[PDB]
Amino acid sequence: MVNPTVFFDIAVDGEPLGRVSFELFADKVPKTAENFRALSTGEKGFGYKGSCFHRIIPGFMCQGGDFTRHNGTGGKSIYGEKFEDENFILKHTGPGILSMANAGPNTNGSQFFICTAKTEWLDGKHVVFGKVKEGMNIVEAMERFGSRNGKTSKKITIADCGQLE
């Protein structure tokens, strides 16, 4: 299977900022990639469209994917409330890495983070499943609205999302 590509159209307080696209590593983690893909297309009747990045730490990562509570306490997977760590074949190698947020082992939901740095200390604890293809500059632009404690100065939003290929 060819690795699928998804896009996020980002908005800052409603104003369009730009598009970020991701390659999803379905050749390593097909279940984890499939969950993110479907949530990006909304094909199950729910997903990332209109959701926010609740926690952004400059020099670290942008966290989003909580489309039910919008604060880190919510979201769900297409398989149910949570699913297992598929594997840890892939590592947090640098900026642009796409990885699953969790609340400890085997609690993957819908929450994810886009790395803006190498996050090696997270290897083996968080399932890496994708990488930014185009629009890393948009991620960099998103980053400036975060803070050391994660709170964002403006509402950073996924205005639209879907699958490109």
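So that there is no doubt, residue numbering starts at 1 and follows the sequence shown.
Enquirer: Return whichever of 117-125 and 136-144 has the greater mean Cα B factor according to the PDB record.
Expert: Per the PDB entry, the higher value belongs to 136-144.
Enquirer: Comparing against every modelled residue in the chain, figure out the third that the C-alpha B-factor of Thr41 lands in (lowest, middle or highest).
Expert: Answer is middle: the recorded C-alpha B-factor places it there.
Enquirer: Sort the modelled residues of this chain by their C-alpha B factor and say whether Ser110 lands in the lowest, middle or highest third.
Expert: As the PDB entry reports it, the C-alpha B-factor of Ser110 lands in the lowest third of its chain.
Enquirer: Can you work out whether the C-alpha temperature factor of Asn87 puts it in the lowest, middle or highest third of the chain?
Expert: For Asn87, whose C-alpha B-factor we compare with every modelled residue in the chain, the answer is the lowest third.
Enquirer: Lowest, middle or highest third: where is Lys31 by Cα B-factor in its chain?
Expert: Lowest third, going by the recorded CA B-factors of the chain.
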